[PDB]
Structures are given as C-alpha cells and as structure tokens.
C-alpha cells in the first residue's frame, strides 16, 4: 500500500504536504476508525480501506525521542497471538537438539566461541533472559543476555548471582547454586578481574543469530517457550499440591502470578503476550483437571503438546 503523509487531518503523497490525495481516498475511512496520537510526528498513513487495514500496518509516527512507532490492525494482532501455539510446539520439538549442542560444547575452553554459545543457550533455556541488543545498552543502559558483563556476575563460594537492570529499568536477579548444570561453566566463563568486559566476549549479534538458525527458531522463542513450560509446571504442581482446590479463576490467576514472577515481568504481559492461546483455553475445560490427576509432568506436558499440535491445525 502507498505511504501517505498526514498533516492536520489531511493526507498527501509527499512529505512536504504539497500534493493532496483525493477526498475519496480510502485512507480517509481509516482515519474515521483510528485516533492519530497527538504526541506523534511525521505521521505516515497507508492508503487502504479499513477492511484492508484490519490485517496490516495502518500508520506510523515519531515519538518524542524520534523512534518510529507502528500501529497494526486487530486481525494482525490476533494472527500474532495465534502464532504462540505453533512456537510452543516448535521449541518443544527442538529442545533435545539444543541440549545436545550445549552438552557437546560446554566442555571446551572458556575462550572458545562454541563454548560461549553453549553457555549462552544454557543460560537462556534456564532463565528466559532477553537477547540483549547492544543498541539498547548504548541508548538506555539496558542489559540483557548478550550484554552481560563480569560485574553482573557475583561469585560466592556456595553460589553465583546474576543481577542486572533489563528492559524498562526492571531489576533482575537469577541464582545459580553449586548443584546446577550451569554453575561450573559460568564460574569458568566469568572473568572476576575484568568487571567492565562482556561475559560473552567472543560472541556478537551475528554469531548468536547464525548459531540459533540451526534450530529453526529465534532467541525470543526460547522465552515464549519458557513462559508456557513454566506455567504448565506450576499448573501441574498446583493441581497436585493445594489441599482444598481454589476456584478455576483463582487457580489460573495463581499459576500466572507464579509464572510471571519466575520470568520477571507482569502477570498481565505474561498472559497477553506469552501464553499460548490453546493452553489457556484447555485449562478452562473442567474435563481437563481429571487428565492431570495421574500424570507425570512429562506425560502431562506430552498430552498438552499433542493437544496444541492437533488444535493449531
């Protein structure tokens, strides 16, 4: 669709606002259905009907820091939500490969990029930490996995504590005890003598992208997966543990709250942006609780994966 330029209710083909579109351009219908936020500038509106806008990019504008902010139609958003079912199955199906890659590489020297990649994947599948692009470190002092420095790693004789300030200035602490798979290779990777150096000093964005590619997923998919995996573990444990069973509502709520606290974000975003939609609806089915009764977690996980498989298509 053609990008039209918006000024004071009016649409133009050029960014200098010298060439107006016709009064019957279909994007004017779009403007009847959406509010252009007053805080955005340099607004671009796509030339399309409202029906076409439902599934597409509608408009873009610059916020006060000059960032381009994109607004999408409701069906685009719904189609986005629907993907999480598929992502959840896909990661489950590739986890054994990821663990095989970790185990193969985690015995190498700490200066070997393959070792570092192994430790990156292990930390990620254990803690679901965000990728950590350098750009937000520079722009906002934001730390994620790739931008961890030795300063963020605190070594005690019993434990290792990873603490850093991540997206939206939300502080995070993850603890790695002596008995953890991760403890030895993390202790090995960290350089106490160089607080300001990156932990993953032989990695880069490109090198991470190239390595994750072999598993058919992105790093953020490991986070989507971990949220669901964690919800399911908690759901199972809850059904199995709490003496008088809470109401349905109360149980889902408790499970989300627990899951969101492990992951480090709000219950609201956990459900809105991470939980697979089919998982959520199957957990409302009162016929489901009985299936849970006498499963192992893996049997339980395996039934959920199968139901999500046959319900995504």
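Numbering follows the first chain given and starts at 1.
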Quick one: say whether 129-137 or 234-242 has the higher mean Cα B-factor in the deposited entry. 234-242
Quick note on 157-165 and 204-212: per-entry mean CA temperature factor is higher in 157-165
From 220, 104, 172, 76, pick the one with the largest CA B-factor in the entry? 104
Most elevated Cα B-factor in the entry, residues 31, 263, 269, 279: 279
By the entry's values, the third containing the CA B factor of residue 13 is the lowest
Please rank the C-alpha B-factors of the chain's modelled residues and tell me whether residue 65 sits in the lowest, middle or highest third. middle
Could you say whether, by C-alpha temperature factor, residue 3 belongs to the lowest, middle or highest third of its chain? lowest
Would you please rank residue 50 by its C-alpha temperature factor against the other modelled residues of its chain and give the third it falls in: lowest, middle or highest? middle
Chain third (lowest, middle, highest) by recorded CA B-factor, residue given as residue 248: highest
